[PDB]
Amino acid sequence: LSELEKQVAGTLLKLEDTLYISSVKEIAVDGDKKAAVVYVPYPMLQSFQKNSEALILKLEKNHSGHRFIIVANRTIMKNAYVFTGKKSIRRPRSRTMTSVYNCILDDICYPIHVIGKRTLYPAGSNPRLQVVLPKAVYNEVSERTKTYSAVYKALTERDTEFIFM
Amino acid sequence: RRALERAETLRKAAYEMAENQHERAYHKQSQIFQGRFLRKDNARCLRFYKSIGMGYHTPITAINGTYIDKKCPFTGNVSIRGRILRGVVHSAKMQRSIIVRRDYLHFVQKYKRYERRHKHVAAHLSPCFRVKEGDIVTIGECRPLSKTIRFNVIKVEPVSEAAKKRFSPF
Amino acid sequence: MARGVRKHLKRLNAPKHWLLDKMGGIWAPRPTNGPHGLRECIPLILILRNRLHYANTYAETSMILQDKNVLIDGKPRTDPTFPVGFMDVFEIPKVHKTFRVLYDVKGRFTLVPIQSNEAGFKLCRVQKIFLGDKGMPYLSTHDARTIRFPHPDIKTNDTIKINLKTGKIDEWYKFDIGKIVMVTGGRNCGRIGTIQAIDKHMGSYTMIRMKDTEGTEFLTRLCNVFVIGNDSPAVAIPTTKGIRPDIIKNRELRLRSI
Amino acid sequence: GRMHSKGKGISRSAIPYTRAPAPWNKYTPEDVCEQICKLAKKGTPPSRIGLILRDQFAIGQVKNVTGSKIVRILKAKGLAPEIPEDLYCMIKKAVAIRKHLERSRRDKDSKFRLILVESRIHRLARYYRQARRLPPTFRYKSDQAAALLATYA
Amino acid sequence: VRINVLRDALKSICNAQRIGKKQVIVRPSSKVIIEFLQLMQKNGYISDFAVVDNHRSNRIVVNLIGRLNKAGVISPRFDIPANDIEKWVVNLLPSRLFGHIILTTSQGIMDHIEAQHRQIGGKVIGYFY
RNA sequence: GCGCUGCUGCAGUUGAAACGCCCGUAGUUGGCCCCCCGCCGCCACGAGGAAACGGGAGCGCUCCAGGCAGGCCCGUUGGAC
Ligand SMILES: [Mg+2]
Ligand SMILES: [Mg+2]
Ligand SMILES: [Mg+2]
């Protein structure tokens, strides 16, 4: 129940000539441009991912003022086992904190595959992570690395920086 | 109706149990007065059971059972008092008894290291439990029941036959 | 194994809090059975010879007692080894000295001088309720006293007020959170404080958490917690309000006294 | 070659960092899913199945596509064998050694190899008996090995 | 077989420093190694390091700047009473002025000075100076 | 003394000392990973339970080995821990 969903859904209906989204979150960057995330339901992520690049481009052209990102919504449980007193319940490994963050990272920029991750530990600076991307693509995603870092920090408290190799 | 069905199974047992002529004497539960079984109506309770306490629960088998055991803690005339411990089953060849293995650790100061030790402890197993080797049992202290027995089982978790033996302090 | 009970008591084996000199001799007084036990009592002779100093030897105590010069709970006693315990009444009319036996902070016996207004009663702890002959209810106390037909409202661990002349209950203070208590066992003997919490472990002891008047907190088991009133002591107590000082303060006080 | 020998080489395979499929992939997991059945229906071991898929169908890794391994698929389809393949091949080698030995009984290297193979078989069988992948009653015996080979194959 | 990753890492680091190199590689990337290196970095012995992911026991790279003389582990983790630390200090380190002994406690990985301040003890991991 | 019994903390090519080799059960030892749930060990605090001895606060038996005394206007004199 927000204004943005209404016009983005209007655009959605204006694309084809079935699939619905859960919610939307926008976050600003250092520049006046913001980035909007779409919390897609988990099962329909792959169906949205067949040609997500086209959808994001058409949405950007339809409604400017901020970039459109599409991601799934995953839950996190905070206990490996559960002691009901009678039987012990195992938490599946897919619901851990670490798996969700990595999947989020891969989803933020699915069309361009990540070729490596590295975390650096400076002497005093808060430890930070730098990823590695192909040189085949750069100017395609060079202009939108700051937004990627900002959204990663927003969703995950962990920070990051982007490079190419 | 449930009560009527239960009494027949209880009432019926005391019959052929009497026809089991091999037994030297008629085994009976002391609390009950023999004669109630002649009452055609379910006007009196045919079986006796108590609550152990300490947060434990009386198994349904004892309540819906048909056996006689003076040394059982639920249907007998013995009480649980003192220390409650845990262990694993080592042997179960005896009639109504088992051997429980207990694991602990001993510290040697000179070498600043530990040793693994074990002890054998005998317990009385009521007919209300089914136990095999390697299961985990909880035993409660009671008065001397024999030369080497001062404990009775009150709980038992199950285990699988295939399971590499693991040193398990409890 | 001794074939019978024990009638002696080596001085080196005596309780620490009696404060008996190592070189006094091989032997020490052996208390006789009575209101209080061996480790929760003190003989009369020790009070009358090693403290008040009204006697110099065993013989003088013998003469003083057999002349009936001391009253205990309103009753003259003539046994030098009679055991004196907690919350008892000590009277010597010849010199008009009235004392109630309580505990100091350091964990030793003391005499609290009192008045005539409150020497007609004593406080006792109830720790056993049972059915006697014919089924008639009874109760018992820390001083080996039995009362028939108590009020149903009275339960165990409570505290009872009884007149010295007549063993008739006047009032009873319940055992509840928010009540002043006096510790009477172990490391914290003599400390005064108010209850804060009660935690019970099935089949074992029950632990009590109290806070001193100055905010100090301490623990002990329920077997040595005594109630002395509702938020305020019913009886007169020593000069200090049950405050155990630290080693530094005690050393300072000793230096001042020297 | 370490557990029962002295050598120590390091010939292995290094799978890629990225789990995604190829950009020329044109198969949904269903196509691979039924293909496995057809090869399974012909009595093909999983390893040969993987080699066939990789060579003819140009699928380097099945897990990257269907999200699951081959044996898991077979079990879900109720076609997985009762004896794991490695133990079965171990038993085959033991049987072949035993037959060659019954033919002539002056060769000692063969006895040495047989001892080693039986030791390995016993270890692996114990491990599989644990984890409840085999019945507890399962037991390997020299004299009726071929029967358990053929009947369970 | 490989057992104590920390020992191999420390031995490699010391060997590299002995010939005055600047960068090293260490196959294991355990958390305990990470905390050990963090303490070293904060105290000023090794400066910077990075962890290189690969899905198969990530690798780690560290930089050297001299200074460090020795660093080792204690293979069986003893139990150190809060009040029984001076004996180990005297037995292991060259002087009471400098040096750091690593203990793992219920409060996390810390140095013997910090634990002495909090009057608590635990298990010993290693040392360096 | 003795690091000549070596847990801290010995030696094992030539001084005394690596089984001829392999398999293998008890036994000992076991890579990495899940941020909070239960259990074992572990650390800290606490209760409870004898003194003497030992440590230790104070007191000039002429000092001391000792003892728990002693002064006047003594913490309720003290004998704490
Ligand atoms: Mg081997
Ligand atoms: Mg190798
Ligand atoms: Mg030689």
# chains A, B, ... in the order shown; residues from 1 in each chain; ligands from 1

call {"tool": "residues_near_ligand", "arguments": {"ligand": "ligand 3", "cutoff": "12 Å", "atoms": "only C-alpha atoms (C1' of nucleotides) and all ligand atoms", "output": "list in words"}}
result
residues 11, 12, 13, 14, 15, 16, 17 and 18 of chain F

call {"tool": "write_last_selection", "arguments": {"atoms": "N, CA, C and O atoms (P, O5', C5', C4', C3', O3' and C1' of nucleotides)", "output": "PDB file, in the first residue's frame"}}
result
ATOM      1  P     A F  11      67.139 -34.168  24.441  1.00  0.00           P
ATOM      2  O5'   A F  11      67.743 -35.618  24.184  1.00  0.00           O
ATOM      3  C5'   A F  11      69.143 -35.835  24.225  1.00  0.00           C
ATOM      4  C4'   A F  11      69.489 -37.300  24.155  1.00  0.00           C
ATOM      5  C3'   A F  11      69.105 -38.025  22.877  1.00  0.00           C
ATOM      6  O3'   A F  11      70.007 -37.794  21.811  1.00  0.00           O
ATOM      7  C1'   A F  11      68.501 -39.336  24.746  1.00  0.00           C
ATOM      8  P     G F  12      69.471 -37.774  20.297  1.00  0.00           P
ATOM      9  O5'   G F  12      69.181 -39.304  19.973  1.00  0.00           O
ATOM     10  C5'   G F  12      70.202 -40.276  20.109  1.00  0.00           C
ATOM     11  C4'   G F  12      69.678 -41.671  19.899  1.00  0.00           C
ATOM     12  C3'   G F  12      68.940 -41.914  18.594  1.00  0.00           C
ATOM     13  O3'   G F  12      69.818 -42.161  17.511  1.00  0.00           O
ATOM     14  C1'   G F  12      67.752 -42.889  20.412  1.00  0.00           C
ATOM     15  P     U F  13      69.752 -41.256  16.188  1.00  0.00           P
ATOM     16  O5'   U F  13      70.879 -41.868  15.247  1.00  0.00           O
ATOM     17  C5'   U F  13      70.611 -42.998  14.432  1.00  0.00           C
ATOM     18  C4'   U F  13      71.786 -43.338  13.553  1.00  0.00           C
ATOM     19  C3'   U F  13      73.091 -43.634  14.278  1.00  0.00           C
ATOM     20  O3'   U F  13      73.184 -44.995  14.658  1.00  0.00           O
ATOM     21  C1'   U F  13      73.468 -42.109  12.484  1.00  0.00           C
ATOM     22  P     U F  14      73.855 -45.420  16.051  1.00  0.00           P
ATOM     23  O5'   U F  14      75.389 -45.041  15.871  1.00  0.00           O
ATOM     24  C5'   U F  14      76.207 -45.733  14.942  1.00  0.00           C
ATOM     25  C4'   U F  14      77.626 -45.231  14.973  1.00  0.00           C
ATOM     26  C3'   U F  14      78.223 -45.004  16.354  1.00  0.00           C
ATOM     27  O3'   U F  14      78.795 -46.183  16.895  1.00  0.00           O
ATOM     28  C1'   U F  14      78.629 -43.116  14.965  1.00  0.00           C
ATOM     29  P     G F  15      78.037 -47.022  18.033  1.00  0.00           P
ATOM     30  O5'   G F  15      78.587 -46.414  19.397  1.00  0.00           O
ATOM     31  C5'   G F  15      78.469 -45.029  19.681  1.00  0.00           C
ATOM     32  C4'   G F  15      78.945 -44.706  21.072  1.00  0.00           C
ATOM     33  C3'   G F  15      78.114 -45.270  22.209  1.00  0.00           C
ATOM     34  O3'   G F  15      78.440 -46.619  22.490  1.00  0.00           O
ATOM     35  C1'   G F  15      78.717 -43.002  22.652  1.00  0.00           C
ATOM     36  P     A F  16      77.335 -47.778  22.390  1.00  0.00           P
ATOM     37  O5'   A F  16      76.765 -47.897  23.872  1.00  0.00           O
ATOM     38  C5'   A F  16      76.317 -49.141  24.387  1.00  0.00           C
ATOM     39  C4'   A F  16      74.860 -49.090  24.766  1.00  0.00           C
ATOM     40  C3'   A F  16      73.914 -48.704  23.643  1.00  0.00           C
ATOM     41  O3'   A F  16      73.523 -49.843  22.897  1.00  0.00           O
ATOM     42  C1'   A F  16      73.418 -47.454  25.615  1.00  0.00           C
ATOM     43  P     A F  17      73.252 -49.760  21.320  1.00  0.00           P
ATOM     44  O5'   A F  17      71.668 -49.665  21.223  1.00  0.00           O
ATOM     45  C5'   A F  17      70.841 -50.389  22.121  1.00  0.00           C
ATOM     46  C4'   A F  17      69.544 -49.672  22.362  1.00  0.00           C
ATOM     47  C3'   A F  17      68.885 -49.116  21.111  1.00  0.00           C
ATOM     48  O3'   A F  17      68.034 -50.073  20.509  1.00  0.00           O
ATOM     49  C1'   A F  17      69.029 -47.420  22.769  1.00  0.00           C
ATOM     50  P     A F  18      67.934 -50.197  18.914  1.00  0.00           P
ATOM     51  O5'   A F  18      66.831 -49.119  18.529  1.00  0.00           O
ATOM     52  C5'   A F  18      66.794 -48.562  17.226  1.00  0.00           C
ATOM     53  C4'   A F  18      65.523 -48.920  16.506  1.00  0.00           C
ATOM     54  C3'   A F  18      65.544 -48.673  15.002  1.00  0.00           C
ATOM     55  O3'   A F  18      64.710 -49.630  14.350  1.00  0.00           O
ATOM     56  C1'   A F  18      63.861 -47.356  15.978  1.00  0.00           C
TER      57        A F  18
END

call {"tool": "interface_residues", "arguments": {"of": "chain F", "to": "chain C", "cutoff": "10 Å", "atoms": "only C-alpha atoms (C1' of nucleotides)", "output": "PDB file with C-alpha atoms (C1' of nucleotides), in the first residue's frame"}}
result
ATOM      1  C1'   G F  46      28.756 -18.387  46.659  1.00  0.00           C
ATOM      2  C1'   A F  47      26.888 -21.828  50.283  1.00  0.00           C
ATOM      3  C1'   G F  48      28.079 -25.787  53.614  1.00  0.00           C
ATOM      4  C1'   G F  49      31.274 -28.271  56.472  1.00  0.00           C
ATOM      5  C1'   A F  50      36.399 -29.068  63.233  1.00  0.00           C
ATOM      6  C1'   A F  51      40.345 -27.252  65.772  1.00  0.00           C
ATOM      7  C1'   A F  52      45.751 -27.546  66.234  1.00  0.00           C
ATOM      8  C1'   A F  57      46.123  -8.239  61.993  1.00  0.00           C
ATOM      9  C1'   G F  58      47.280  -6.294  67.096  1.00  0.00           C
ATOM     10  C1'   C F  59      49.636  -6.819  71.971  1.00  0.00           C
ATOM     11  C1'   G F  67      51.692 -16.948  74.632  1.00  0.00           C
ATOM     12  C1'   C F  68      46.718 -14.532  73.673  1.00  0.00           C
ATOM     13  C1'   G F  71      45.561  -1.025  80.383  1.00  0.00           C
ATOM     14  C1'   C F  74      39.490   0.241  76.834  1.00  0.00           C
ATOM     15  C1'   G F  75      35.128  -1.061  69.298  1.00  0.00           C
ATOM     16  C1'   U F  76      30.360  -4.268  73.749  1.00  0.00           C
ATOM     17  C1'   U F  77      38.708  -4.042  75.073  1.00  0.00           C
ATOM     18  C1'   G F  78      40.580  -7.937  71.798  1.00  0.00           C
ATOM     19  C1'   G F  79      41.532 -12.719  70.069  1.00  0.00           C
ATOM     20  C1'   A F  80      40.048 -10.483  62.529  1.00  0.00           C
ATOM     21  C1'   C F  81      40.780 -13.171  58.115  1.00  0.00           C
TER      22        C F  81
END

call {"tool": "interface_residues", "arguments": {"of": "chain B", "to": "chain E", "cutoff": "12 Å", "atoms": "only C-alpha atoms", "output": "list in words"}}
result
residues 107, 109, 111, 112, 113 and 114 of chain B

call {"tool": "interface_residues", "arguments": {"of": "chain E", "to": "chain F", "cutoff": "9 Å", "atoms": "only C-alpha atoms (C1' of nucleotides)", "output": "ChimeraX atom specification"}}
result
/E:1-3,5,28-30,56-58,79-82,91,105-106,119-123

call {"tool": "residues_around", "arguments": {"residues": "segment 148-162 of chain A", "least_positions_apart": "5", "cutoff": "8 Å", "atoms": "only C-alpha atoms (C1' of nucleotides)", "output": "PyMOL selection string"}}
result
chain A and resi 27+29+35+101+105+108+128-133

call {"tool": "residues_near_ligand", "arguments": {"ligand": "ligand 1", "cutoff": "12 Å", "atoms": "only C-alpha atoms (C1' of nucleotides) and all ligand atoms", "output": "ChimeraX atom specification"}}
result
/D:1-6,116,119-120,123 /E:1 /F:22-24

call {"tool": "residues_near_ligand", "arguments": {"ligand": "ligand 2", "cutoff": "7 Å", "atoms": "only C-alpha atoms (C1' of nucleotides) and all ligand atoms", "output": "number ranges by chain"}}
result
D: 8-10

call {"tool": "residues_around", "arguments": {"residues": "residue 107 of chain C", "least_positions_apart": "3", "cutoff": "7 Å", "atoms": "only C-alpha atoms (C1' of nucleotides)", "output": "PyMOL selection string"}}
result
chain C and resi 103-104+189-190

call {"tool": "write_last_selection", "arguments": {"atoms": "C-alpha atoms", "output": "short mmCIF file (atom, residue, chain, number, x, y, z; two decimals), in the first residue's frame"}}
result
data_model
loop_
_atom_site.label_atom_id
_atom_site.label_comp_id
_atom_site.auth_asym_id
_atom_site.auth_seq_id
_atom_site.Cartn_x
_atom_site.Cartn_y
_atom_site.Cartn_z
CA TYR C 103 24.81 -13.16 68.13
CA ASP C 104 27.43 -10.57 67.26
CA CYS C 189 26.11 -15.50 61.52
CA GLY C 190 24.85 -12.31 63.14
#

call {"tool": "select_by_dssp", "arguments": {"residues": "segment 52-90 of chain E", "states": "strand (DSSP E)", "output": "PyMOL selection string"}}
result
chain E and resi 52+59-63+71-73+79-80

call {"tool": "closest_residue", "arguments": {"among": "B:88, B:64, B:162, B:168", "to": "residue 128 of chain D", "atoms": "only C-alpha atoms"}}
result
B:162

call {"tool": "residues_around", "arguments": {"residues": "residue 45 of chain A", "least_positions_apart": "3", "cutoff": "12 Å", "atoms": "only C-alpha atoms (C1' of nucleotides)", "output": "list in words"}}
result
residues 19, 20, 21, 22, 38, 39, 40, 41, 42, 48, 49, 50, 51, 52, 70, 71, 72, 73, 74, 107 and 110 of chain A

call {"tool": "decode", "arguments": {"residues": "segment 218-247 of chain C", "atoms": "N, CA and C atoms", "output": "mmCIF file, in the first residue's frame"}}
result
data_model
loop_
_atom_site.group_PDB
_atom_site.id
_atom_site.type_symbol
_atom_site.label_atom_id
_atom_site.label_comp_id
_atom_site.auth_asym_id
_atom_site.auth_seq_id
_atom_site.Cartn_x
_atom_site.Cartn_y
_atom_site.Cartn_z
ATOM 1 N N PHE C 218 23.652 -10.971 50.444
ATOM 2 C CA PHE C 218 24.257 -12.242 50.812
ATOM 3 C C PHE C 218 23.190 -13.327 50.784
ATOM 4 N N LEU C 219 23.647 -14.573 50.887
ATOM 5 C CA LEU C 219 22.794 -15.740 50.744
ATOM 6 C C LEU C 219 23.062 -16.722 51.875
ATOM 7 N N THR C 220 22.143 -17.672 52.024
ATOM 8 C CA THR C 220 22.266 -18.754 52.990
ATOM 9 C C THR C 220 21.079 -19.680 52.787
ATOM 10 N N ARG C 221 21.122 -20.829 53.452
ATOM 11 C CA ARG C 221 20.031 -21.785 53.340
ATOM 12 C C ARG C 221 18.977 -21.512 54.405
ATOM 13 N N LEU C 222 17.778 -22.035 54.165
ATOM 14 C CA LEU C 222 16.620 -21.688 54.974
ATOM 15 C C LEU C 222 16.698 -22.242 56.389
ATOM 16 N N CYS C 223 17.642 -23.141 56.666
ATOM 17 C CA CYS C 223 17.738 -23.761 57.983
ATOM 18 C C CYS C 223 18.315 -22.833 59.043
ATOM 19 N N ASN C 224 18.854 -21.677 58.659
ATOM 20 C CA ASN C 224 19.479 -20.762 59.607
ATOM 21 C C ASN C 224 19.052 -19.327 59.329
ATOM 22 N N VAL C 225 17.762 -19.125 59.079
ATOM 23 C CA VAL C 225 17.181 -17.803 58.881
ATOM 24 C C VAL C 225 16.088 -17.616 59.923
ATOM 25 N N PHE C 226 16.228 -16.579 60.745
ATOM 26 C CA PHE C 226 15.339 -16.327 61.871
ATOM 27 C C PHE C 226 14.651 -14.984 61.681
ATOM 28 N N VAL C 227 13.350 -14.954 61.921
ATOM 29 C CA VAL C 227 12.539 -13.752 61.775
ATOM 30 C C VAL C 227 12.455 -13.047 63.120
ATOM 31 N N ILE C 228 12.574 -11.719 63.103
ATOM 32 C CA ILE C 228 12.657 -10.944 64.336
ATOM 33 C C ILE C 228 11.666 -9.788 64.340
ATOM 34 N N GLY C 229 10.700 -9.808 63.433
ATOM 35 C CA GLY C 229 9.678 -8.790 63.396
ATOM 36 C C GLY C 229 9.222 -8.523 61.981
ATOM 37 N N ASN C 230 8.390 -7.494 61.842
ATOM 38 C CA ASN C 230 7.858 -7.058 60.553
ATOM 39 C C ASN C 230 8.483 -5.707 60.219
ATOM 40 N N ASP C 231 9.544 -5.733 59.412
ATOM 41 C CA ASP C 231 10.190 -4.521 58.918
ATOM 42 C C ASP C 231 10.966 -3.785 60.005
ATOM 43 N N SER C 232 10.750 -4.146 61.272
ATOM 44 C CA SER C 232 11.482 -3.549 62.370
ATOM 45 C C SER C 232 11.632 -4.596 63.465
ATOM 46 N N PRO C 233 12.809 -4.722 64.077
ATOM 47 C CA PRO C 233 12.980 -5.734 65.124
ATOM 48 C C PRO C 233 12.006 -5.514 66.270
ATOM 49 N N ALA C 234 11.464 -6.620 66.780
ATOM 50 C CA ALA C 234 10.573 -6.551 67.930
ATOM 51 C C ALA C 234 11.336 -6.379 69.234
ATOM 52 N N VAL C 235 12.617 -6.736 69.255
ATOM 53 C CA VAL C 235 13.401 -6.764 70.479
ATOM 54 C C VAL C 235 14.577 -5.806 70.341
ATOM 55 N N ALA C 236 15.190 -5.493 71.478
ATOM 56 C CA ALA C 236 16.380 -4.657 71.481
ATOM 57 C C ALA C 236 17.594 -5.479 71.072
ATOM 58 N N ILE C 237 18.456 -4.878 70.259
ATOM 59 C CA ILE C 237 19.577 -5.595 69.658
ATOM 60 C C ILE C 237 20.869 -4.862 69.999
ATOM 61 N N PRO C 238 22.040 -5.444 69.719
ATOM 62 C CA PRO C 238 23.300 -4.790 70.101
ATOM 63 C C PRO C 238 23.457 -3.402 69.501
ATOM 64 N N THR C 239 24.564 -2.734 69.830
ATOM 65 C CA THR C 239 24.747 -1.350 69.407
ATOM 66 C C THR C 239 24.768 -1.237 67.889
ATOM 67 N N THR C 240 25.495 -2.128 67.224
ATOM 68 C CA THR C 240 25.591 -2.088 65.775
ATOM 69 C C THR C 240 24.402 -2.800 65.146
ATOM 70 N N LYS C 241 23.997 -2.327 63.973
ATOM 71 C CA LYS C 241 22.791 -2.808 63.305
ATOM 72 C C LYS C 241 23.055 -4.003 62.398
ATOM 73 N N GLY C 242 23.847 -4.965 62.857
ATOM 74 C CA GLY C 242 24.129 -6.138 62.044
ATOM 75 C C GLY C 242 24.934 -5.831 60.803
ATOM 76 N N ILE C 243 25.949 -4.981 60.928
ATOM 77 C CA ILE C 243 26.818 -4.611 59.819
ATOM 78 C C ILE C 243 28.173 -5.254 60.054
ATOM 79 N N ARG C 244 28.594 -6.103 59.120
ATOM 80 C CA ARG C 244 29.907 -6.725 59.197
ATOM 81 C C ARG C 244 30.903 -5.850 58.450
ATOM 82 N N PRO C 245 31.832 -5.188 59.133
ATOM 83 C CA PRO C 245 32.812 -4.360 58.428
ATOM 84 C C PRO C 245 33.854 -5.212 57.722
ATOM 85 N N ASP C 246 34.591 -4.567 56.824
ATOM 86 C CA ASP C 246 35.681 -5.233 56.132
ATOM 87 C C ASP C 246 36.924 -5.262 57.017
ATOM 88 N N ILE C 247 37.981 -5.896 56.510
ATOM 89 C CA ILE C 247 39.212 -6.029 57.283
ATOM 90 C C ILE C 247 39.864 -4.668 57.495
#
